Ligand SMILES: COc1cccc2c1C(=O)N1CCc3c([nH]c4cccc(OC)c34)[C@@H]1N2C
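There is one chain below, alone, in structure tokens, taken in the form deposited without this ligand.
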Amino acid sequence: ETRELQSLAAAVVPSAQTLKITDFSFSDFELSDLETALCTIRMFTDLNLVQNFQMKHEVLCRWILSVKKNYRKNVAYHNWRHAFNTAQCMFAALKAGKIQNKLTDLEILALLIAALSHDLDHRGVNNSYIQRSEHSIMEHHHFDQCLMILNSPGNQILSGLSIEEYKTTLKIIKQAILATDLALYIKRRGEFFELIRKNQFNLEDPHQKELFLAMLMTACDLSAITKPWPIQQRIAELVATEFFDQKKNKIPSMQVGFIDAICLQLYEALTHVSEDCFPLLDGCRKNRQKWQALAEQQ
């Protein structure tokens, strides 16, 4: 055991309300690593994951310290805090967004772990990992990393599932993590949008289900764009540091481009599926106003 394991194991886990992890506008800047650890335990607990799958407290905690340990602090945006936020947004979309009741326990378990794991050991967008010839290279690696951790002694938070469940869960986790390739998202979103405009959308279909989960993954991953302006500004600043340092005049422009190309349609779609995820669409719109205005002062 580490000092850090003992502390987190021995801690008390505040309520979801106390931790604020149910608000789409949640933010982590004032939180310590430990407090994120607790927030994470709180997420598994309130989603019924510890209950329904008999996770030993020490195992869960060890699993989380592991996940956290395998993000790089030296990377400005793509690090534990981003993974932590992705999962918190997943949580909020499940509870506040009233999406929990459209999905199976196993899907949820999988989405949460996927959310936490989907960028494991990421080195910043400007860094290269070589192998043979290239195919979501990165996301395949994040998944490997994820599985390694899941399979480590002391960290096996899935021990409590039958093989059948276990296999199912892994498949979902893997697909979730791979959905975080923006390339995959652009290939697949057309179909998602068609279904919506043609009133055809139906979650009871295996194929559409898997697609929604992919969409849901991307929505949480990009959710920083939906945050209150003072927070969105600060994240944009982290993203900028990773993009360029590892003028700032071109940035509000890129942000508007990013929102137009990628984010608005998605959060519109997600809002059709669930009217209670509107707060994300709303946030994203406000931020577009903010960035556009700036790009015009340029």
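Rigid core: the largest C-alpha set superposing within 1.5 Å between the two forms. One rule holds for the numbers: they count along the sequence shown, beginning at 1.
Trainee: Note whether residue 184 lacks coordinates in a third or more of the other compared entries that model its flanking residues.
Mentor: No: coordinates for residue 184 present in every compared entry.
Trainee: Does residue 205 have no coordinates in at least a third of the other PDB entries examined?
Mentor: In all of the other entries, residue 205 has coordinates.
Trainee: With respect to the deposited sequence, how many residues separating residue 246 from residue 247 are not represented by coordinates: none, 1 to 3, 4 to 9, or 10 or more?
Mentor: The entry leaves 10 or more residues without coordinates here.
Trainee: Gap size between residue 134 and residue 135, counting deposited residues with no coordinates: none, 1 to 3, 4 to 9, or 10 or more?
Mentor: Per the deposited record, the segment joining residue 134 and residue 135 lacks coordinates for 4 to 9 residues.
Trainee: On mean C-alpha B-factor from the PDB entry, just flag whether 98 to 106 or 76 to 84 is the higher one.
Mentor: According to the entry, 98 to 106 carries the higher average C-alpha B-factor.
Trainee: Could you settle it for me: does 247 to 255 or 29 to 37 have the higher average Cα B factor in the PDB entry?
Mentor: Taking the mean B-factor of the alpha carbons in each, 247 to 255 is higher.
Trainee: Compare the CA B factors listed in the entry for 204, 221, 121, 139 and report the winner.
Mentor: Within the set 204, 221, 121, 139, 204 shows the top C-alpha B-factor.
Trainee: Is the Cα B-factor recorded for residue 233 in the lowest, middle or highest third of its chain?
Mentor: Tercile = middle for this residue's CA B-factor.
Trainee: If you rank the chain by CA B-factor, which third does residue 272 end up in: lowest, middle or highest?
Mentor: Tercile = highest for this residue's CA B-factor.
Trainee: With respect to C-alpha B-factor, does residue 266 fall in the lowest, middle or highest third of the chain as deposited?
Mentor: Within its chain, residue 266 is a middle-third residue by C-alpha B-factor, going by the deposited values.
Trainee: Split into thirds by Cα B-factor across the chain's modelled residues, where does residue 227 land: lowest, middle or highest?
Mentor: Its C-alpha B-factor belongs to the lowest third of this chain's values.
Trainee: Relative to the other modelled residues of the same chain, rank the CA B-factor of residue 216 and answer lowest, middle or highest third.
Mentor: Answer is lowest: the recorded C-alpha B-factor places it there.
There is another form of this protein, the form solved in complex with this ligand, and it is not shown here; the text below is about that form.
Trainee: Could you tell me which one of 100, 79, 175, 168 places a heavy atom within 4.5 Å of this ligand in the deposited complex?
Mentor: Exactly one residue meets the criterion: 79.
Trainee: This ligand isn't shown here, but in the deposited complex which of 120, 112, 93, 224 has a heavy atom within 4.5 Å of it?
Mentor: That would be 224.
Trainee: With a 4.5 Å heavy atom cut-off, would you call residue 220 a contact of this ligand in the deposited complex?
Mentor: So residue 220 counts as contacting this ligand.
Trainee: Using heavy atoms and a 4.5 Å limit, would one call residue 58 a contact residue for this ligand in the deposited complex?
Mentor: Residue 58: no contact with this ligand in the deposited complex.
Trainee: Whether residue 231 contacts this ligand in the deposited complex should be assessed with a 4.5 Å heavy atom distance threshold; does it?
Mentor: Yes, residue 231 lies within 4.5 Å of this ligand in the deposited complex.
Trainee: Considering only heavy atoms, tell me if residue 268 and this ligand come within 4.5 Å of each other in the deposited complex.
Mentor: No - in the deposited complex, heavy atoms of residue 268 and this ligand never come within 4.5 Å of each other.
Trainee: Only one of 38 to 46, 234 to 242, 269 to 277, 64 to 72 gets a heavy atom within 4.5 Å of this ligand in the deposited complex; which is it?
Mentor: Residues of 234 to 242 come within 4.5 Å of the partner.
Trainee: Among 73, 167, 197, 187, whose C-alpha is off by 2 Å or more between this form and the one not shown on a rigid-core fit?
Mentor: With the rigid core fitted, the residue that moves is 73.
Trainee: How about residue 152 - superposed on the rigid core, does its CA move between this form and the one not shown by 2 Å or more?
Mentor: Result for residue 152: no, shift under 2 Å.
Trainee: Quick check: residue 101 between this form and the one not shown - does its CA shift reach 2 Å or more after fitting the rigid core?
Mentor: No, because once the rigid core is superposed, the C-alpha of residue 101 moves less than 2 Å between this form and the one not shown.
Trainee: At a 2 Å cut-off on C-alpha positions, does residue 239 qualify as shifted between this form and the one not shown after fitting the rigid core?
Mentor: Yes, the C-alpha moves 2 Å or more.
Trainee: Comparing against this form, do residue 29 and residue 124 have their CA atoms pulled together or pushed apart in the deposited complex? The difference is 3 Å or more.
Mentor: Residue 29 and residue 124 sit farther apart in the deposited complex.
Trainee: Compare the CA separation of residue 74 and residue 110 in the deposited complex with the one in the displayed structure, and answer closer or farther (the difference is at least 3 Å).
Mentor: Here the pair is farther apart than in the deposited complex; there, closer.
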